[PDB]
>>> print(open('coords_18.pdb').read())   # PDB, N, CA and C atoms and all ligand atoms
ATOM      1  N   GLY A  78     119.661  75.742 147.677
ATOM      2  CA  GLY A  78     119.862  76.289 149.052
ATOM      3  C   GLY A  78     121.256  76.014 149.581
ATOM      4  N   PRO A  79     121.584  76.572 150.755
ATOM      5  CA  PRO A  79     122.928  76.383 151.304
ATOM      6  C   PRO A  79     123.176  74.960 151.791
ATOM      7  N   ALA A  80     124.418  74.513 151.654
ATOM      8  CA  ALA A  80     124.856  73.213 152.166
ATOM      9  C   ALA A  80     124.690  73.124 153.686
ATOM     10  N   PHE A  81     124.989  74.232 154.365
ATOM     11  CA  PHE A  81     125.009  74.309 155.830
ATOM     12  C   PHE A  81     124.251  75.582 156.245
ATOM     13  N   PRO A  82     122.906  75.534 156.234
ATOM     14  CA  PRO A  82     122.112  76.731 156.557
ATOM     15  C   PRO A  82     122.408  77.356 157.920
ATOM     16  N   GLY A  83     122.815  76.527 158.879
ATOM     17  CA  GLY A  83     123.131  76.969 160.237
ATOM     18  C   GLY A  83     124.256  77.982 160.350
ATOM     19  N   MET A  84     125.104  78.063 159.325
ATOM     20  CA  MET A  84     126.183  79.052 159.290
ATOM     21  C   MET A  84     125.927  80.169 158.277
ATOM     22  N   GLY A  85     124.658  80.389 157.938
ATOM     23  CA  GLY A  85     124.268  81.475 157.039
ATOM     24  C   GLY A  85     124.396  82.867 157.636
ATOM     25  N   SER A  86     124.452  82.944 158.964
ATOM     26  CA  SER A  86     124.630  84.214 159.671
ATOM     27  C   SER A  86     126.102  84.620 159.710
ATOM     28  N   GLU A  87     126.406  85.820 159.216
ATOM     29  CA  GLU A  87     127.785  86.326 159.230
ATOM     30  C   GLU A  87     128.324  86.427 160.660
ATOM     31  N   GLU A  88     127.467  86.845 161.585
ATOM     32  CA  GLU A  88     127.847  86.961 162.991
ATOM     33  C   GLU A  88     128.260  85.604 163.580
ATOM     34  N   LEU A  89     127.479  84.556 163.318
ATOM     35  CA  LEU A  89     127.856  83.214 163.772
ATOM     36  C   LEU A  89     129.183  82.776 163.147
ATOM     37  N   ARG A  90     129.368  83.059 161.856
ATOM     38  CA  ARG A  90     130.628  82.722 161.192
ATOM     39  C   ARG A  90     131.799  83.458 161.858
ATOM     40  N   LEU A  91     131.610  84.730 162.185
ATOM     41  CA  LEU A  91     132.680  85.502 162.816
ATOM     42  C   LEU A  91     133.034  84.927 164.187
ATOM     43  N   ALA A  92     132.014  84.547 164.954
ATOM     44  CA  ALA A  92     132.223  83.971 166.282
ATOM     45  C   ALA A  92     133.065  82.693 166.224
ATOM     46  N   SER A  93     132.979  81.964 165.112
ATOM     47  CA  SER A  93     133.691  80.694 164.953
ATOM     48  C   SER A  93     135.211  80.876 164.902
ATOM     49  N   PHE A  94     135.667  82.095 164.604
ATOM     50  CA  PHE A  94     137.102  82.403 164.490
ATOM     51  C   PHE A  94     137.775  82.805 165.815
ATOM     52  N   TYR A  95     137.156  82.489 166.951
ATOM     53  CA  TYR A  95     137.698  82.938 168.241
ATOM     54  C   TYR A  95     139.125  82.460 168.495
ATOM     55  N   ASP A  96     139.485  81.293 167.957
ATOM     56  CA  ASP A  96     140.833  80.742 168.120
ATOM     57  C   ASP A  96     141.574  80.634 166.781
ATOM     58  N   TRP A  97     141.245  81.529 165.853
ATOM     59  CA  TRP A  97     141.926  81.608 164.557
ATOM     60  C   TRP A  97     143.409  81.923 164.770
ATOM     61  N   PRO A  98     144.311  81.138 164.143
ATOM     62  CA  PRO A  98     145.755  81.322 164.317
ATOM     63  C   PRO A  98     146.437  82.399 163.463
ATOM     64  N   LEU A  99     145.700  83.040 162.557
ATOM     65  CA  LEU A  99     146.295  83.957 161.575
ATOM     66  C   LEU A  99     145.578  85.311 161.521
ATOM     67  N   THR A 100     145.285  85.884 162.686
ATOM     68  CA  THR A 100     144.477  87.109 162.746
ATOM     69  C   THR A 100     145.081  88.268 161.953
ATOM     70  N   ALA A 101     146.379  88.509 162.127
ATOM     71  CA  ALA A 101     147.057  89.600 161.411
ATOM     72  C   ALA A 101     147.180  89.314 159.912
ATOM     73  N   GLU A 102     147.383  88.045 159.569
ATOM     74  CA  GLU A 102     147.675  87.637 158.195
ATOM     75  C   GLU A 102     146.436  87.588 157.307
ATOM     76  N   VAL A 103     145.336  87.072 157.852
ATOM     77  CA  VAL A 103     144.067  86.981 157.129
ATOM     78  C   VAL A 103     142.937  87.263 158.129
ATOM     79  N   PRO A 104     142.366  88.480 158.100
ATOM     80  CA  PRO A 104     141.370  88.860 159.116
ATOM     81  C   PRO A 104     140.107  87.998 159.151
ATOM     82  N   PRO A 105     139.724  87.512 160.343
ATOM     83  CA  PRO A 105     138.427  86.841 160.496
ATOM     84  C   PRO A 105     137.229  87.622 159.941
ATOM     85  N   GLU A 106     137.245  88.942 160.094
ATOM     86  CA  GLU A 106     136.178  89.794 159.567
ATOM     87  C   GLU A 106     135.983  89.562 158.067
ATOM     88  N   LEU A 107     137.085  89.480 157.325
ATOM     89  CA  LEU A 107     137.008  89.273 155.878
ATOM     90  C   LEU A 107     136.603  87.838 155.546
ATOM     91  N   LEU A 108     137.148  86.874 156.285
ATOM     92  CA  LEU A 108     136.795  85.466 156.082
ATOM     93  C   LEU A 108     135.294  85.232 156.280
ATOM     94  N   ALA A 109     134.754  85.731 157.392
ATOM     95  CA  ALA A 109     133.323  85.572 157.694
ATOM     96  C   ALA A 109     132.450  86.281 156.662
ATOM     97  N   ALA A 110     132.842  87.492 156.264
ATOM     98  CA  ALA A 110     132.095  88.243 155.244
ATOM     99  C   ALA A 110     132.018  87.478 153.921
ATOM    100  N   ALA A 111     133.082  86.735 153.612
ATOM    101  CA  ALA A 111     133.180  85.956 152.377
ATOM    102  C   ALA A 111     132.521  84.575 152.455
ATOM    103  N   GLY A 112     131.793  84.305 153.540
ATOM    104  CA  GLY A 112     130.998  83.083 153.674
ATOM    105  C   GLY A 112     131.642  81.959 154.471
ATOM    106  N   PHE A 113     132.867  82.183 154.940
ATOM    107  CA  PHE A 113     133.657  81.135 155.583
ATOM    108  C   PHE A 113     133.494  81.101 157.097
ATOM    109  N   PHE A 114     133.489  79.892 157.655
ATOM    110  CA  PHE A 114     133.612  79.693 159.101
ATOM    111  C   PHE A 114     134.857  78.853 159.374
ATOM    112  N   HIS A 115     135.410  78.996 160.576
ATOM    113  CA  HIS A 115     136.568  78.214 161.007
ATOM    114  C   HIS A 115     136.139  76.822 161.471
ATOM    115  N   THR A 116     136.769  75.782 160.933
ATOM    116  CA  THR A 116     136.468  74.415 161.380
ATOM    117  C   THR A 116     136.983  74.142 162.797
ATOM    118  N   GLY A 117     137.980  74.912 163.226
ATOM    119  CA  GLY A 117     138.608  74.730 164.529
ATOM    120  C   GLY A 117     139.910  73.952 164.442
ATOM    121  N   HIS A 118     140.200  73.398 163.264
ATOM    122  CA  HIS A 118     141.433  72.642 163.034
ATOM    123  C   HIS A 118     142.381  73.426 162.134
ATOM    124  N   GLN A 119     143.590  73.667 162.637
ATOM    125  CA  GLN A 119     144.607  74.432 161.919
ATOM    126  C   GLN A 119     144.004  75.727 161.349
ATOM    127  N   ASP A 120     144.260  76.024 160.073
ATOM    128  CA  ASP A 120     143.676  77.193 159.416
ATOM    129  C   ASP A 120     142.604  76.799 158.394
ATOM    130  N   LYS A 121     141.953  75.658 158.626
ATOM    131  CA  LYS A 121     140.937  75.150 157.708
ATOM    132  C   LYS A 121     139.622  75.901 157.901
ATOM    133  N   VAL A 122     139.077  76.426 156.808
ATOM    134  CA  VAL A 122     137.778  77.089 156.819
ATOM    135  C   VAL A 122     136.879  76.461 155.763
ATOM    136  N   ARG A 123     135.579  76.718 155.869
ATOM    137  CA  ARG A 123     134.615  76.190 154.916
ATOM    138  C   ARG A 123     133.510  77.203 154.640
ATOM    139  N   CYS A 124     133.043  77.250 153.394
ATOM    140  CA  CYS A 124     131.918  78.107 153.032
ATOM    141  C   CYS A 124     130.604  77.447 153.415
ATOM    142  N   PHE A 125     129.725  78.195 154.074
ATOM    143  CA  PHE A 125     128.445  77.638 154.528
ATOM    144  C   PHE A 125     127.534  77.244 153.365
ATOM    145  N   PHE A 126     127.704  77.895 152.211
ATOM    146  CA  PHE A 126     126.792  77.699 151.090
ATOM    147  C   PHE A 126     127.209  76.562 150.158
ATOM    148  N   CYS A 127     128.436  76.631 149.636
ATOM    149  CA  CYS A 127     128.957  75.599 148.719
ATOM    150  C   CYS A 127     129.703  74.464 149.432
ATOM    151  N   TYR A 128     130.025  74.664 150.714
ATOM    152  CA  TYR A 128     130.755  73.683 151.552
ATOM    153  C   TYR A 128     132.198  73.476 151.073
ATOM    154  N   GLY A 129     132.695  74.415 150.274
ATOM    155  CA  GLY A 129     134.068  74.358 149.794
ATOM    156  C   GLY A 129     135.020  74.673 150.929
ATOM    157  N   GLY A 130     136.073  73.869 151.063
ATOM    158  CA  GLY A 130     137.064  74.057 152.127
ATOM    159  C   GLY A 130     138.352  74.663 151.602
ATOM    160  N   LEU A 131     138.980  75.525 152.404
ATOM    161  CA  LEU A 131     140.287  76.104 152.075
ATOM    162  C   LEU A 131     141.210  76.094 153.295
ATOM    163  N   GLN A 132     142.487  75.794 153.062
ATOM    164  CA  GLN A 132     143.501  75.792 154.118
ATOM    165  C   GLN A 132     144.802  76.390 153.580
ATOM    166  N   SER A 133     145.857  76.372 154.392
ATOM    167  CA  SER A 133     147.183  76.860 153.974
ATOM    168  C   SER A 133     147.108  78.292 153.440
ATOM    169  N   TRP A 134     146.447  79.139 154.219
ATOM    170  CA  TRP A 134     146.306  80.554 153.909
ATOM    171  C   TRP A 134     147.657  81.253 153.998
ATOM    172  N   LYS A 135     147.925  82.118 153.023
ATOM    173  CA  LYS A 135     149.145  82.918 152.996
ATOM    174  C   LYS A 135     148.828  84.342 153.416
ATOM    175  N   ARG A 136     149.807  85.008 154.021
ATOM    176  CA  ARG A 136     149.622  86.385 154.466
ATOM    177  C   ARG A 136     149.179  87.262 153.299
ATOM    178  N   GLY A 137     148.131  88.050 153.538
ATOM    179  CA  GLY A 137     147.583  88.935 152.523
ATOM    180  C   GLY A 137     146.586  88.303 151.568
ATOM    181  N   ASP A 138     146.358  86.988 151.668
ATOM    182  CA  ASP A 138     145.309  86.330 150.876
ATOM    183  C   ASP A 138     143.990  87.057 151.089
ATOM    184  N   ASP A 139     143.228  87.235 150.013
ATOM    185  CA  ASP A 139     141.925  87.878 150.091
ATOM    186  C   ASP A 139     140.848  86.795 150.031
ATOM    187  N   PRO A 140     140.071  86.617 151.119
ATOM    188  CA  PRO A 140     139.043  85.571 151.127
ATOM    189  C   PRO A 140     138.075  85.557 149.934
ATOM    190  N   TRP A 141     137.555  86.710 149.520
ATOM    191  CA  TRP A 141     136.651  86.738 148.360
ATOM    192  C   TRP A 141     137.346  86.255 147.080
ATOM    193  N   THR A 142     138.595  86.678 146.877
ATOM    194  CA  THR A 142     139.381  86.270 145.712
ATOM    195  C   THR A 142     139.597  84.754 145.696
ATOM    196  N   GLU A 143     139.983  84.195 146.841
ATOM    197  CA  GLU A 143     140.192  82.750 146.941
ATOM    198  C   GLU A 143     138.879  81.988 146.749
ATOM    199  N   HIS A 144     137.776  82.532 147.269
ATOM    200  CA  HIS A 144     136.441  81.932 147.082
ATOM    201  C   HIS A 144     136.120  81.808 145.586
ATOM    202  N   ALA A 145     136.361  82.887 144.842
ATOM    203  CA  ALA A 145     136.069  82.935 143.405
ATOM    204  C   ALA A 145     137.045  82.102 142.586
ATOM    205  N   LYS A 146     138.302  82.070 143.012
ATOM    206  CA  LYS A 146     139.338  81.267 142.365
ATOM    207  C   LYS A 146     139.006  79.772 142.390
ATOM    208  N   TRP A 147     138.624  79.270 143.562
ATOM    209  CA  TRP A 147     138.463  77.830 143.791
ATOM    210  C   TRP A 147     137.030  77.310 143.632
ATOM    211  N   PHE A 148     136.041  78.148 143.934
ATOM    212  CA  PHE A 148     134.632  77.740 143.894
ATOM    213  C   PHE A 148     133.784  78.765 143.138
ATOM    214  N   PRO A 149     134.088  78.977 141.846
ATOM    215  CA  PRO A 149     133.400  80.005 141.061
ATOM    216  C   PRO A 149     131.905  79.755 140.841
ATOM    217  N   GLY A 150     131.442  78.534 141.103
ATOM    218  CA  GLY A 150     130.027  78.190 140.955
ATOM    219  C   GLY A 150     129.166  78.427 142.188
ATOM    220  N   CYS A 151     129.767  78.912 143.274
ATOM    221  CA  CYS A 151     129.040  79.153 144.521
ATOM    222  C   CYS A 151     127.993  80.256 144.353
ATOM    223  N   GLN A 152     126.752  79.972 144.734
ATOM    224  CA  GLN A 152     125.668  80.932 144.530
ATOM    225  C   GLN A 152     125.684  82.069 145.550
ATOM    226  N   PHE A 153     126.197  81.806 146.753
ATOM    227  CA  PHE A 153     126.451  82.872 147.730
ATOM    228  C   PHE A 153     127.477  83.880 147.194
ATOM    229  N   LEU A 154     128.582  83.374 146.658
ATOM    230  CA  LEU A 154     129.574  84.211 145.979
ATOM    231  C   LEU A 154     128.941  85.043 144.865
ATOM    232  N   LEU A 155     128.145  84.393 144.018
ATOM    233  CA  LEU A 155     127.500  85.088 142.905
ATOM    234  C   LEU A 155     126.571  86.193 143.406
ATOM    235  N   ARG A 156     125.702  85.866 144.361
ATOM    236  CA  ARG A 156     124.742  86.843 144.872
ATOM    237  C   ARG A 156     125.447  88.034 145.512
ATOM    238  N   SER A 157     126.525  87.757 146.245
ATOM    239  CA  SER A 157     127.250  88.784 146.997
ATOM    240  C   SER A 157     128.117  89.680 146.106
ATOM    241  N   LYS A 158     128.851  89.068 145.173
ATOM    242  CA  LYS A 158     129.893  89.769 144.405
ATOM    243  C   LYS A 158     129.599  90.000 142.913
ATOM    244  N   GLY A 159     128.657  89.248 142.344
ATOM    245  CA  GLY A 159     128.277  89.422 140.946
ATOM    246  C   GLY A 159     129.155  88.629 139.999
ATOM    247  N   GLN A 160     128.649  88.395 138.792
ATOM    248  CA  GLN A 160     129.338  87.547 137.822
ATOM    249  C   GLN A 160     130.612  88.186 137.272
ATOM    250  N   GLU A 161     130.605  89.507 137.106
ATOM    251  CA  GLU A 161     131.759  90.216 136.540
ATOM    252  C   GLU A 161     133.004  90.036 137.398
ATOM    253  N   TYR A 162     132.821  90.126 138.714
ATOM    254  CA  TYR A 162     133.897  89.907 139.679
ATOM    255  C   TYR A 162     134.494  88.507 139.524
ATOM    256  N   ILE A 163     133.628  87.502 139.453
ATOM    257  CA  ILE A 163     134.060  86.107 139.327
ATOM    258  C   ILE A 163     134.805  85.901 138.004
ATOM    259  N   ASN A 164     134.241  86.433 136.922
ATOM    260  CA  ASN A 164     134.860  86.350 135.595
ATOM    261  C   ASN A 164     136.256  86.973 135.540
ATOM    262  N   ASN A 165     136.427  88.114 136.203
ATOM    263  CA  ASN A 165     137.708  88.826 136.192
ATOM    264  C   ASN A 165     138.818  88.062 136.915
ATOM    265  N   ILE A 166     138.455  87.323 137.962
ATOM    266  CA  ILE A 166     139.413  86.492 138.697
ATOM    267  C   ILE A 166     139.877  85.305 137.844
ATOM    268  N   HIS A 167     138.996  84.808 136.977
ATOM    269  CA  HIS A 167     139.370  83.812 135.968
ATOM    270  C   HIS A 167     139.683  84.489 134.636
TER     271      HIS A 167
HETATM  272  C1  LIG B   1     147.105  80.289 149.039
HETATM  273  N1  LIG B   1     145.677  80.494 149.387
HETATM  274  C2  LIG B   1     144.911  79.377 150.010
HETATM  275  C3  LIG B   1     143.577  79.795 150.667
HETATM  276  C4  LIG B   1     144.730  78.262 148.959
HETATM  277  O1  LIG B   1     144.732  78.535 147.758
HETATM  278  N2  LIG B   1     144.617  77.015 149.427
HETATM  279  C5  LIG B   1     144.313  75.854 148.564
HETATM  280  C6  LIG B   1     143.171  74.965 149.126
HETATM  281  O2  LIG B   1     143.055  74.965 150.364
HETATM  282  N3  LIG B   1     142.345  74.205 148.357
HETATM  283  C7  LIG B   1     142.288  74.160 146.884
HETATM  284  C8  LIG B   1     140.858  73.694 146.630
HETATM  285  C9  LIG B   1     140.611  72.704 147.765
HETATM  286  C10 LIG B   1     141.370  73.287 148.972
HETATM  287  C11 LIG B   1     141.940  72.217 149.913
HETATM  288  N4  LIG B   1     141.377  71.953 151.104
HETATM  289  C12 LIG B   1     142.089  70.965 151.751
HETATM  290  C13 LIG B   1     141.794  70.415 153.022
HETATM  291  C14 LIG B   1     140.699  70.850 153.794
HETATM  292  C15 LIG B   1     139.843  69.937 154.464
HETATM  293  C16 LIG B   1     138.767  70.389 155.229
HETATM  294  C17 LIG B   1     138.512  71.750 155.354
HETATM  295  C18 LIG B   1     139.327  72.675 154.711
HETATM  296  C19 LIG B   1     140.409  72.235 153.947
HETATM  297  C20 LIG B   1     142.672  69.403 153.501
HETATM  298  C21 LIG B   1     143.771  68.962 152.757
HETATM  299  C22 LIG B   1     144.054  69.506 151.510
HETATM  300  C23 LIG B   1     143.191  70.523 151.015
HETATM  301  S1  LIG B   1     143.361  71.333 149.508
HETATM  302  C24 LIG B   1     145.596  75.035 148.231
HETATM  303  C25 LIG B   1     146.697  75.820 147.455
HETATM  304  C26 LIG B   1     147.926  74.934 147.148
HETATM  305  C27 LIG B   1     148.520  74.352 148.451
HETATM  306  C28 LIG B   1     147.468  73.547 149.248
HETATM  307  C29 LIG B   1     146.191  74.378 149.520
HETATM  308 ZN    ZN B   2     130.920  79.188 148.638
END
>>> encode(input="coords_18.pdb", output="structure tokens")
Amino acid sequence: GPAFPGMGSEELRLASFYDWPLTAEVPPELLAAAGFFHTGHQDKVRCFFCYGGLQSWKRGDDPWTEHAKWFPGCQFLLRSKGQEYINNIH
């Protein structure tokens, strides 16, 4: 099951980005869709399922790609995107 079931809702995850500092550079819509919520500190986000954290986002970073790059064992990632997607990133 998820590490943090309370953030399993995409809508709740999106709401968490109200004070996101990088709206143009990395859209909250994409971050939330990819399982991430904003911690509220700097640009630090975390996946509700695997609890993997990511920071220091660069302009044009793709949340799903970074999710698969750093946390390829996440079951939310697997269910959402499939194994072929994860394999291709590695
Ligand atoms: C360029 N794209 C971005 C999204 C990215 O790849 N970020 C990575 C990342 O955040 N990682 C790598 C796996 C672990 C994670 C880290 N999280 C933290 C946190 C952290 C703590 C709580 C929540 C979120 C992040 C604090 C200090 C260092 C790291 S490295 C690295 C890349 C190399 C420079 C430092 C960050
Ligand atoms: Zn995850």
>>> closest_residue(input="coords_18.pdb", among="A:149, A:97, A:136, A:85", to="residue 112 (chain A)", atoms="only N, CA and C atoms")
A:85
>>> closest_residue(input="coords_18.pdb", among="A:86, A:99, A:135, A:79", to="ligand ZN 2 (chain B)", atoms="only C-alpha atoms and all ligand atoms")
A:79
>>> residues_around(input="coords_18.pdb", residues="region 152-158 of chain A", least_positions_apart="3", cutoff="8 Å", atoms="all atoms listed in the file", output="ChimeraX atom specification")
/A:79,111-112,126-127,141,144-145,148-149,161-163
>>> write_last_selection(input="coords_18.pdb", atoms="N, CA and C atoms", output="PDB file, keeping the file's coordinate frame")
ATOM      1  N   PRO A  79     121.584  76.572 150.755  1.00  0.00           N
ATOM      2  CA  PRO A  79     122.928  76.383 151.304  1.00  0.00           C
ATOM      3  C   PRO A  79     123.176  74.960 151.791  1.00  0.00           C
ATOM      4  N   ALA A 111     133.082  86.735 153.612  1.00  0.00           N
ATOM      5  CA  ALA A 111     133.180  85.956 152.377  1.00  0.00           C
ATOM      6  C   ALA A 111     132.521  84.575 152.455  1.00  0.00           C
ATOM      7  N   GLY A 112     131.793  84.305 153.540  1.00  0.00           N
ATOM      8  CA  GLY A 112     130.998  83.083 153.674  1.00  0.00           C
ATOM      9  C   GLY A 112     131.642  81.959 154.471  1.00  0.00           C
ATOM     10  N   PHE A 126     127.704  77.895 152.211  1.00  0.00           N
ATOM     11  CA  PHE A 126     126.792  77.699 151.090  1.00  0.00           C
ATOM     12  C   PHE A 126     127.209  76.562 150.158  1.00  0.00           C
ATOM     13  N   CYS A 127     128.436  76.631 149.636  1.00  0.00           N
ATOM     14  CA  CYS A 127     128.957  75.599 148.719  1.00  0.00           C
ATOM     15  C   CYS A 127     129.703  74.464 149.432  1.00  0.00           C
ATOM     16  N   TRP A 141     137.555  86.710 149.520  1.00  0.00           N
ATOM     17  CA  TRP A 141     136.651  86.738 148.360  1.00  0.00           C
ATOM     18  C   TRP A 141     137.346  86.255 147.080  1.00  0.00           C
ATOM     19  N   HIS A 144     137.776  82.532 147.269  1.00  0.00           N
ATOM     20  CA  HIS A 144     136.441  81.932 147.082  1.00  0.00           C
ATOM     21  C   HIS A 144     136.120  81.808 145.586  1.00  0.00           C
ATOM     22  N   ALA A 145     136.361  82.887 144.842  1.00  0.00           N
ATOM     23  CA  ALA A 145     136.069  82.935 143.405  1.00  0.00           C
ATOM     24  C   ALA A 145     137.045  82.102 142.586  1.00  0.00           C
ATOM     25  N   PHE A 148     136.041  78.148 143.934  1.00  0.00           N
ATOM     26  CA  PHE A 148     134.632  77.740 143.894  1.00  0.00           C
ATOM     27  C   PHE A 148     133.784  78.765 143.138  1.00  0.00           C
ATOM     28  N   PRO A 149     134.088  78.977 141.846  1.00  0.00           N
ATOM     29  CA  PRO A 149     133.400  80.005 141.061  1.00  0.00           C
ATOM     30  C   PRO A 149     131.905  79.755 140.841  1.00  0.00           C
ATOM     31  N   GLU A 161     130.605  89.507 137.106  1.00  0.00           N
ATOM     32  CA  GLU A 161     131.759  90.216 136.540  1.00  0.00           C
ATOM     33  C   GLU A 161     133.004  90.036 137.398  1.00  0.00           C
ATOM     34  N   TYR A 162     132.821  90.126 138.714  1.00  0.00           N
ATOM     35  CA  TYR A 162     133.897  89.907 139.679  1.00  0.00           C
ATOM     36  C   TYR A 162     134.494  88.507 139.524  1.00  0.00           C
ATOM     37  N   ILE A 163     133.628  87.502 139.453  1.00  0.00           N
ATOM     38  CA  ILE A 163     134.060  86.107 139.327  1.00  0.00           C
ATOM     39  C   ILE A 163     134.805  85.901 138.004  1.00  0.00           C
TER      40      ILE A 163
END
>>> residues_near_ligand(input="coords_18.pdb", ligand="ligand LIG 1 (chain B)", cutoff="6.5 Å", atoms="only N, CA and C atoms and all ligand atoms", output="list in words")
residues 120, 121, 122, 123, 129, 130, 131, 132, 133, 134, 135, 138, 143 and 147 of chain A
>>> closest_residue(input="coords_18.pdb", among="A:98, A:137, A:150, A:159", to="residue 115 (chain A)", atoms="only C-alpha atoms")
A:98
>>> atom_distance(input="coords_18.pdb", atom1="CA of residue 100 (chain A)", atom2="CA of residue 80 (chain A)")
26.3 Å
>>> atom_distance(input="coords_18.pdb", atom1="CA of residue 166 (chain A)", atom2="atom C of residue 142 (chain A)")
7.2 Å
>>> closest_residue(input="coords_18.pdb", among="A:113, A:119, A:124, A:84", to="residue 96 (chain A)", atoms="only C-alpha atoms")
A:119
>>> closest_residue(input="coords_18.pdb", among="A:93, A:125, A:110, A:146", to="ligand ZN 2 (chain B)", atoms="all atoms listed in the file")
A:125
>>> select_by_dssp(input="coords_18.pdb", residues="region 99-160 of chain A", states="alpha helix (DSSP H)", output="VMD selection string")
chain A and resid 105 to 110 140 to 147 152 to 158 160
>>> atom_distance(input="coords_18.pdb", atom1="CA of residue 140 (chain A)", atom2="CA of residue 167 (chain A)")
15.3 Å
>>> closest_residue(input="coords_18.pdb", among="A:109, A:83, A:116, A:151", to="ligand ZN 2 (chain B)", atoms="all atoms listed in the file")
A:151
